[PDB]
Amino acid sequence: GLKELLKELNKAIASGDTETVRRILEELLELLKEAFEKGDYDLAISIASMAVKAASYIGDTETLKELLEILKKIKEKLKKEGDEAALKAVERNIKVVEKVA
């Protein structure tokens, strides 16, 4: 499902289809909340990467700020966990978002 959403997201970005982007962003945010609440942090980071791109494209600063907040929560958890690639990824995503939120 997520591979197809990414494909559709990029098709829409490339073609200027802002309505599709906004729809996909809404779906990603729902998927993100579910992954986060299940403690599936690798999946949450992954979804968040995509959501950040979609929210950036449509200029949705409020969503970017929400994504920064959830990423910071993920970081707080992973600081304690010893999965270095996941911790580095959440931190990398935070630095990218901080440019736009």
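For every residue, the number given is its place in the sequence shown, counted from 1.
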Please work out which of 81-89 and 15-23 has the higher mean CA B-factor as recorded in the PDB entry.
81-89
So 62-70 or 49-57, which one's hotter by mean CA B-factor in the entry?
62-70
Third of the chain's Cα B-factor distribution that residue 40 belongs to, per the entry:
middle
How does the C-alpha B factor of residue 76 compare with the rest of the chain: lowest, middle or highest third?
highest
Thinking about Cα B factors across the chain, which third does residue 6 belong to?
middle
Splitting the chain's C-alpha B-factors into thirds, which one does residue 100 fall into?
highest
